[PDB]
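Note sheet for the following structure.
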Protein chains: 2
Amino acid sequence: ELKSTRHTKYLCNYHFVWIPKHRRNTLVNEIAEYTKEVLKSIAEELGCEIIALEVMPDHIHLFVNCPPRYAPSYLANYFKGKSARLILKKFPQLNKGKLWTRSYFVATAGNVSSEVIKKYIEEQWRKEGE
Amino acid sequence: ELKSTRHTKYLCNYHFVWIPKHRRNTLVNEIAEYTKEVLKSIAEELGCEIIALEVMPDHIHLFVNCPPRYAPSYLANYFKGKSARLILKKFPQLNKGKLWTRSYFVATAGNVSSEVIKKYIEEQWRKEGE
């Protein structure tokens, strides 16, 4: 649902997709479980709400609702950068200094009706006064 | 359509809605015309593509596709802040303090298909190798 603050009404959902670097069977068993754990922890750190998270052997698909203060690029790099540091630190057998490739996919999600927009306008005028 | 930057593939659409501060008949005639002009210029300046823009007497509804480097809140405050400066400068009678209220509505938009995501994943593995 739409979230609010003193001066903002928002609903920002994004699909983030990225892949491990060397092998397609990287995120499995304990590695995959820890990856899910750290991504969840990073989400709460950023005040984000995970809608759905697929941690597959060869890719991650993170669908999350986030505060408007964050740029998609900032979020992608925070999730990828911090998770990589933690995951590589925990599993020594994981190769090289990089876990993820530098690329990622991001797509906004949502459908705003004319009714939602009209309601918002009327609420602001009711609030601010005419 | 989906776009691509240095290391990303993205679709970032946002709906922004905000209202003028004092009167519901603020954005009319020359003022409304100039407002539409400056908002379009700011979009161009930021590398954003306007999908739809309604400049009504009592509100602005800006639906835009933007680069992932921008936070929704930065966009709202820049579009609002720079347009206000330019509008207040061209129309001295808008004196009466701030042009806009400090609030705004922002919501992401999009319905990306699984085929697009699947293609992205395969393209990354084709480029990365295994």
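Can you report the number of residues in segment A:10-31 which are surrounded by fewer than 18 Cβ atoms within 10 Å (Cβ to Cβ) and within 14 Å of chain B (Cβ to nearest Cβ)? So the answer is 4.
If you go through segment A:4-32 and pick out every residue that is free of Cβ contacts under 8 Å to residues at least 12 places away in the same chain and under 22 Å from A:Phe63 (Cβ atoms), you end up with 1.
The residue of segment B:48-69 that is surrounded by the most Cβ atoms within 10 Å (Cβ to Cβ), among those that are in contact (Cβ under 8 Å) with a residue 40 or more places away in the chain and within 22 Å of B:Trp100 (Cα to Cα), is B:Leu62.
Please count how many residues of segment B:9-31 are basic (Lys, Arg) and part of a helix (DSSP H, G or I). Even if it seems obvious, please write down each step before you answer.
Residues of segment B:9-31 basic (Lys, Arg): B:9, B:21, B:23-24.
This time we only want the ones that are part of a helix (DSSP H, G or I), so: none.
Residues in segment B:9-31 being basic (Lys, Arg) and part of a helix (DSSP H, G or I): 0 in total.
A single member of B:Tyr74, B:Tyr78, B:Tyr34 is within 12 Å of chain A (Cβ to nearest Cβ), in a helix (DSSP H, G or I), surrounded by fewer than 19 Cβ atoms within 10 Å (Cβ to Cβ) and not small (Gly, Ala, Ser), and it is B:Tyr74.
The criterion of being at the interface with another protein chain (Cβ under 7 Å from one of its Cβ atoms), surrounded by 20 or more Cβ atoms within 10 Å (Cβ to Cβ) and more than 20 Å from B:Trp125 (Cβ to Cβ) does not hold for A:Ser103. Scanning segment A:46-82 for residues that are within 19 Å of B:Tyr120 (Cβ to Cβ) and small (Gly, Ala, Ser) yields a count of 3. Evaluated against (1) over 17 Å from A:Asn13 (Cβ atoms); (2) more than 10 Å from chain B (Cβ to nearest Cβ), A:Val64 falls short on exactly one condition, (1). Scanning segment B:53-78 for residues that are touching a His at 6+ places or on another chain (Cβ under 9 Å) and among the charged types (D, E, K, R) yields a count of 1. Among the residues of segment B:89-100, which ones are under 14 Å from B:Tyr78 (Cα atoms) and not aliphatic (A, V, I, L, M)? Result: B:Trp100, single match.
Can you name every residue in segment A:38-47 that is surrounded by 15 or more Cβ atoms within 10 Å (Cβ to Cβ) and not in a loop (DSSP other than H, G, I, E, B)?
Step one: filter segment A:38-47 for residues surrounded by 15 or more Cβ atoms within 10 Å (Cβ to Cβ), giving A:38-39, A:42-43, A:46.
Residues satisfying the conditions are A:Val38, A:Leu39, A:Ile42, A:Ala43.
Selection over segment B:106-130 of residues that are buried (at least 17 other Cβ atoms within 10 Å of the Cβ), aliphatic (A, V, I, L, M) and touching a residue at least 60 places away in the same chain (Cβ under 8 Å) gives a count of 4.
We place every Cβ from the backbone using ideal geometry, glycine too, and count neighbours over all the protein chains shown. Values quoted throughout were computed directly from the atomic coordinates according to the rules given, and no laboratory measurement underlies them.
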